[PDB]
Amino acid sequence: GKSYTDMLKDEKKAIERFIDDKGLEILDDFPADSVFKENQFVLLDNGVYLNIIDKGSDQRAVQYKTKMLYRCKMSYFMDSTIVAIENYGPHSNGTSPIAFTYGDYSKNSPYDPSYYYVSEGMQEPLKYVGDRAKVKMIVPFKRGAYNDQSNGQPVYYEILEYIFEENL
């Protein structure tokens, strides 16, 4: 198999290519009021790139407690353009959101949904946004779902909406 080091290298290259190909502007810090332009992403301490489209409510999730649901469009980009999840937007008719509790980790059994659908990266923005918030992200594999950690795959969330289950 490919060394961890080579995996980091292929990903680093794929991300620079992706940023350049889409003409994105990488910030060092949060912009004024957490307002972003369509093409701006802040690079967080843990390695995930974030754009906030909609900041949501003032409420903040509590680790190990808050029950969440999400809808998103998530895609690969390093070796292909395959769409992996599509339960947001016009073509997501009949789909339901995906459930997790804030603080959950991605298990390494391929028969558990968290292996594919939960990650530290998907959850990072919950430090900064609230209910019905919408975000865009590039999540490197170190912070990704176990499925993606194992294959060294970064993912791109074209759009992701958070739903707090307690306010339903």
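All residue numbers are counted from 1 along the displayed sequence.
In this entry, 88-96 shows the higher mean Cα temperature factor of the pair 88-96 and 70-78. Between 156-164 and 20-28, it is 20-28 that carries the larger average Cα temperature factor according to the deposited entry. Taking the deposited Cα B-factors for 115, 141, 41, 102, the highest one is held by 41. Among all modelled residues in its chain, residue 122 ranks in the lowest third by Cα B-factor.
Sort the modelled residues of the chain by CA B factor and residue 37 lands in the highest third. Looking at the C-alpha B-factors along this chain, the one for residue 107 belongs to the lowest third.
When the modelled residues of the chain are ordered by C-alpha B-factor, residue 134 sits in the lowest third.
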